[PDB]
RNA sequence: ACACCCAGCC
Ligand SMILES: [Zn+2]
Ligand SMILES: [Zn+2]
């Protein structure tokens, strides 16, 4: 996890290890730049449902005329008594017909599931 | 290019009413019923304005203009803005 | 203090004819260049054409410093305009129209893979190993 | 268009005049903090390692054109012409419409990655908003 | 019979046989646009609070909304709803749109 | 000191300039002033926690434009200069970006309509004729180009047959000038009848077959 | 002829 580039030729960094010190080095495979890593991560894969749609919905979705509105689920932060609820329709799950709610107040848009 | 250099430019398109040329060569307005009966084609002449210029090493440019040069006939949809109806 | 409620109003001036041309310049945010090191520069037209309709090619500090290449802006200033307010001792702004927008990009100086030897090594479509050894032979 | 076999996308991007991968991924990827798309585009960069500069990328494009030929400059010119006048003509035909084409190709790859991740639905050939109707006007214009 | 044929194509009028579904008929109020030049739209958008592609860092695209005209990415805009309301007002008032 | 050197005094002074985007009408008005010296004024006010910027148009020029500031850290905007002496200098760096918008909302759309009307003046669309055109293909005794060509042909006349020695002298000048030749160009240079040229060339010259373009004559006697 | 439409009945 975490992608960043070298400052010399601005190409993709790659992991590498040295035998003298035994420390991870994110070195540029193109140029001759090296740097010390700070996470000890290379390849994180997520097989089950870790999409975290709560942080993926754009808060401006509330002002879409085609979405339903409800008053039984008030906003937690600003306390507005109107919200817009919708489902996900994303692949890799094809299930979990759950509702994601977005507050319709301007200068707001806290997303919450329930 | 052959020394002279000839340049032709097509600028303006004109398009008259549908017309028919009989054996005499006399143009007359083609009425759509007449086209249906006599198996004609309901088409209007298409005229274009052309500018011809010649470039010579002696700087003797001409700007001659062939106005409304006939370049064929376009079939005309009935009851459109360019029909007789 | 005076800076909290500073009041400033200077007169704008637009000359008609100016013997020297202007152009907008903008590096990329990630270039991270320095201007003190730019002791010498050479801004000449590229030789790849073989004049006014060709790109430039910046060469900084000869072969020691970095080189840059760029292109004119695709858009045209038919509706938009760019003016620069140059500071002067008398304080009157002098708005100056520009002629072109330029964007040079960084280029790295190192032994580069050639097209012919690239074709030669293309046989190793995915069988290639030891990426350092690719450049070591050359 | 006018190339008889597939080309990796990073080669096309490099041919458009963007060498450093930072510039490539600043067009394909708009949000830095999104590891999934970065991981999904890793293979595209890994395949394009051997191609390192604009002119060699142009050679890559041109070597697989209509004619192999003999010399280099001719198919460098051929690749430049096919990327300037035949690849996405609707965004740019002029000589220096390269940044716009780069952004559009980046948007295309971004849409592909979004579809792969499942963040968008694949489009339908029938959503009748994706179909245009050539009437007498456009058809007669096509002949004329 | 796709869902998007509502009001544009008759759901009933098709031939039966080898051409079923492929040959359709316009709805009774369907109108097909003859097209228009996208120039005035582009001039208005540039005059409005829109920033062109070449004048922006790539980092700003993520938060802003993209503007496509006739399928061509023209630039980006930071306030989408204001632009949408203004454009709809112009179209409804038979202005340049 | 060199022709291609870029002067960087402006950068060392950290001079900050303003980049302002203005519509077409303001720029056209400023251009119409013919560089009189002044075209307007700019008013910048600073409150306890906000900054207001505006441009006041000169009353003489006409016979209030609020300004909006954008982010600066997205790109590094600078400006350079090129002069007639091929001397490159850097004026400075842009420190703030400005956007100019018209205060008017509804009435300014009328000016937009006028601008669109002006922009649609030179675009051309086909016209319609009430009567069929009959001025073309007008009868004529002969075409102008044809009579011109006959006049030229009768002023110049036919190329006159000459004695063998003088045509041979042109041939000698010819293969002194260039080793190889094409039959047409030789005819043009010598200005001699084609059958007579062939007769006087076959005696001394021979035809060499080539696999590149066509067989051709050789002016060398051997 | 040939070709292309349209149409009928399953
Ligand atoms: Zn590197
Ligand atoms: Zn809320």
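The numbering of chain F matches Swiss-Prot: 2-64, 80-238, in order.
Yeah, the Cβs are placed from backbone N, Cα and C, and that goes for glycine too.
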- [ ] With Swiss-Prot open, pick whichever of F:13, F:33, F:147, F:226 is annotated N6-acetyllysine.
- [x] F:33
Task: Annotated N6-acetyllysine residue, as Swiss-Prot has it, among F:137, F:154 - done: F:137
Open item on the list: Of the recorded positions F:22, F:33, F:227, F:229, which one has its Cα closest to the Cα of residue F:137 (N6-acetyllysine)?
Closed with: F:33
TODO: Return one of helix, strand or coil for residue F:137 (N6-acetyllysine), based on DSSP.
DONE: coil
Task: List of residues, in chain order, with Cβ under 8 A from that of residue F:142 (phosphoserine) and at least 6 apart - done: none
Task: Shortest C-alpha distance to residue F:22 (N6-acetyllysine) - which of the recorded positions F:2, F:33, F:227, F:229 - done: F:33
Open item on the list: Quick check on the recorded positions F:22, F:33, F:137, F:229: which one has the highest count of other Cβ atoms within 10 Å of its Cβ?
Closed with: F:22
- [ ] List those recorded positions among F:33, F:137, F:227, F:229 whose Cβ lies under 8 Å from any Cβ of chain B, in sequence order, or write 'none' if there are none.
- [x] none
Open item on the list: Please report the Cα separation of residue F:2 (N-acetylalanine) and residue F:33 (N6-acetyllysine) in Å, rounded to an integer.
Closed with: 40
Task: residue F:227 (DNA binding site): tally of other CB atoms within 10 A of its CB - done: 6
- [ ] Under 8 Å, Cβ to Cβ, against chain C: pull out the ones among the recorded positions F:2, F:22, F:142, F:227 that qualify, in sequence order.
- [x] F:22
